[PDB]
Amino acid sequence: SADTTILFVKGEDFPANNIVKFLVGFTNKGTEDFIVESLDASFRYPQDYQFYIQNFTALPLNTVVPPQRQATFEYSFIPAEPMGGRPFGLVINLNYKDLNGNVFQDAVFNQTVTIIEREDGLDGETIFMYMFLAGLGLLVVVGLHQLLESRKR
Amino acid sequence: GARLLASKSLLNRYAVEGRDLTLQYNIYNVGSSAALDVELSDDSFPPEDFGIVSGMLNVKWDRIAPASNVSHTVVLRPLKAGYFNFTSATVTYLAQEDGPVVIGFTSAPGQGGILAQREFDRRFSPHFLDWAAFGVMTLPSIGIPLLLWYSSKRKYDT
Amino acid sequence: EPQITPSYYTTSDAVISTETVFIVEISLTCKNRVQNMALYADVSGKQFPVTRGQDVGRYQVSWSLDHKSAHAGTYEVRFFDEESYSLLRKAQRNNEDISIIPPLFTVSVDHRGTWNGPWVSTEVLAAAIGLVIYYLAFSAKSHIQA
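In its metadata, the entry names cryo-EM as the structure determination method and reports 2.86 Å as the resolution.

**Student:** Would you mind going over the packing of aromatic side chains with me for this structure?
**Tutor:** We describe a pair of aromatic rings using the distance from one ring centre to the other and the angle between the two ring planes. Within the structure shown, the criterion is met by 30 aromatic pairs over all chains. Taking 5.5 Å as the distance between ring centres and 35° as the angle between the ring planes, the aromatic pair formed by A:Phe22 and A:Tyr75 counts as tilted. Residue A:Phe22 is located in strand 2 (residues 20–28), and its partner A:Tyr75 is located in strand 6 (residues 70–77); the two are separated by 53 residues in the primary sequence. Given a relative accessible area of 0%, A:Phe22 falls into the buried group. Judged by its relative accessible area of 6%, A:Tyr75 is buried. Aromatic pair B:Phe45 and B:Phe50: ring centres 5.2 Å apart, planes at 75°, arrangement edge-to-face. Both residues of the pair, B:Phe45 and B:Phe50, belong to the buried class.

**Student:** Help me understand the side chain of C:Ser84, please; the structure alone is not making it clear to me.
**Tutor:** Counting through the fold element by element, C:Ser84 comes out in helix 1 (residues 82–93). Looking at C:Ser84, its side chain comes within polar contact range of the side chain of C:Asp81, at 2.3 Å.

**Student:** Even after reading the chapter, I still don't get the interface of chain A and chain B, so can you show me in this structure?
**Tutor:** A common way to express how large an interface is: the accessible area buried when the components associate. Counting from both sides, the interface comprises 17 residues of chain A and, opposite them, 15 residues of chain B. For the pairing of chain A and chain B, the buried interface totals around 1300 Å² over both sides, and the portion due to carbon and sulfur atoms is 58%. Here chain A and chain B share one salt bridge between them. Residue A:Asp3 pairs with B:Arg3 through a salt bridge whose shortest N-O separation is 2.8 Å. In this structure, the connection of chain A to chain B is made through six residue pairs in polar contact. Top contributing element to the side of chain A that touches chain B by residue count: strand 1 (residues 2–10) of chain A, with six residues. Broken down by class, the residue content of the side of chain A that touches chain B amounts to six nonpolar, seven polar and four charged. Here strand 6 of chain A runs beside strand 10 (residues 101–105) of chain B; their pairing, made up of two bridges, is parallel. Bridge pairing links A:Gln70 to B:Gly104 in strand 10 of chain B.

**Student:** Is there a simple way to think about the interface of chain C and chain B in this case?
**Tutor:** Contact with chain C, which involves 23 residues of that partner, is made by 27 residues of chain B. Buried area between chain C and chain B, both sides added, is near 2300 Å², and the carbon and sulfur share of it is 52%. The largest per-residue losses of area from chain C upon contact with chain B belong to C:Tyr9, C:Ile16 and C:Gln54, which jointly make up 27% of the total buried on that side. On inspection of chain C and its partner chain B, the count reaches one salt bridge. The residue C:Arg52 makes a salt bridge to B:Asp62 at a minimum N-O spacing of 2.3 Å. Inspection of the chain C/chain B interface yields 16 residue pairs in polar contact. Among the secondary structure elements, those contributing two or more residues to the side of chain C that touches chain B are strand 2 (20–29), strand 5 (51–53) and strand 6 (58–65) of chain C.

**Student:** What's the story with the pattern of salt bridges in this structure? I'm lost.
**Tutor:** Between side chains of opposite charge, pairing is possible as soon as their charged atoms come close. Tallied over the entire structure, the rule returns twelve salt bridges over all chains. In this structure, B:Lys8 and B:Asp42 form a salt bridge, with 2.8 Å as the shortest nitrogen-oxygen distance. Here B:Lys8 is found in strand 1 (residues 4–10), whereas its partner B:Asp42 is found in the loop between strand 4 (35–41) and strand 5 (50–54), with 34 residues between them in sequence. On the accessibility criterion, B:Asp42 (2% relative accessible area) is buried. Two residues, C:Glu1 and C:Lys31, come together in a salt bridge whose shortest N-O distance is 3.3 Å. With C:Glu1 in the segment before strand 1 (3–10) and C:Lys31 in the loop between strand 2 and strand 3 (40–43), the pair connects residues that are 30 residues apart, well separated along the chain.

Rules behind the numbers
Keep in mind that residues are numbered from 1 along each chain as the sequence reads, not by the entry's scheme, and that residues without coordinates are left out. Following the order in which they are written, the chains are lettered starting with A and the ligands numbered starting with 1. Values throughout apply to the part shown, which belongs to a larger assembly of chains. Excluded from the side-chain calculations are hydrogens and water; all other atoms, namely the structure's heavy atoms, are used. Only rings of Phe, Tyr and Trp enter the pairing, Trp through its six-membered ring, and a pair is recorded when the two centres are within 6.5 Å. The plane angle decides the type: under 30 degrees is stacked, over 60 is edge-to-face, the rest tilted. Numbering goes from the N terminus for both helices and strands, where a helix is a DSSP run of H or I of at least four residues and a strand is a run of E of at least two. Buried, partly exposed and exposed residues are distinguished by accessible area as a fraction of the type maximum, computed with a 1.4 Å probe on protein chains only: under 20%, between the cut-offs, and over 50%, respectively. For the purposes of these results, a polar contact is taken to be a pair of N or O atoms within 3.5 Å, where, inside protein, one atom must be able to donate a hydrogen and its partner to accept one; residues adjacent in sequence count only when each atom of the pair is a side-chain atom. Working rule for contacts: check all heavy atoms of both residues, and any pair within 4.5 Å makes them a contact. As used here, buried area is the combined drop in accessible area, with a 1.4 Å probe, of two parts when they are placed together. One side-chain nitrogen of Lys or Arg within 4 Å of one carboxyl oxygen of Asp or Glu is enough to make a salt bridge. When residue character is reported, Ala, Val, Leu, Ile, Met, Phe, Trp, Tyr, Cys and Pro are called nonpolar, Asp, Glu, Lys and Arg charged, and the others, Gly included, polar. Pairing between strands is defined by DSSP: at least two bridges between them are needed.

Shown next as structure tokens:
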């Protein structure tokens, strides 16, 4: 009596060290109030999903969905840099419970994920920080150069 | 049929009393058909606690194309500090022509702590008039010896 | 002969907000009394569907930009009807001159920029000022010895 949908809005290609954000929609076709507890995402071994690789922080929701009503949830995570370049099975689970308290878990996304490494080139702003400091010292360098010139003369 | 995913998010790092609060509503049509007569209503902000600076909380769109999204933002100004629960909004649309009206809720940011303007100022306000006053206070003990030193230069080192 | 009363809002405190948000509110009245007509807004080449409020003739267009990209200046919002919007999209697909298609009406939003904090630093700028007074002393000395 529960229908779920997932839509990746950012990071659909799962870039390494980049934010991946997807929307999970919960639709209540039952006659009772569904209580969405938490949304969990984890990376699994492509050859064996039972072995966990990295568990992302669970997002407790605790949102009540009245019958014949739809609810949307937003989740985001950042893939680790060293882990890029390897297929990772992605298990995303939405936890919802009956008014009776029976708990039913649905996997919104259960597919292997390809992760792409990203490399960042030398930054000129760090060099600019360094050179402003080096000029703070270079005023001293110029003063000492004048002193040395006077000594030599 | 059209299937709409509506997300309600806050575009502010922190909630500050007396400062504009930015609310952004994003509706994504993931269904194969375009959503018709899409109406967004957010009655979770009473006028006694939040003042509307810009935007309208209740909106309507004649049609949302499939695989397309619409962005709506509203700027609010909290009038009382404390804890506030940002509940989800109500979205109504027709998934198919002449079809039943589908009622859905947007993403709920959850409980958020609105920082009192006084506390926010104490945590982030810039000190400039105290900075001038401090500086003036230090001026004597540092300069009077400095002026006496210049008196040394200028009486008999020439 | 569209008649519009435009109202706009732009984020001014970037310290608190995560992004710069631009909101344009327009009350549109038409000579022929057309209502609930679908509007499309183009901002610097970006097209956004125009949101319609519950009130008759009220429309709003909203977009967000990063604080680093929200440069101070005047942003021109061009509004097009369904036919004009379709023509604009066709021209864009063909790489034709977009300026040829005239918008139904244009709203100019002036953004004064966001406030981010104090550029001046005591550790670097103040240290130079103290050195300068002492370097003036050295220059005065260098002059007299000679």
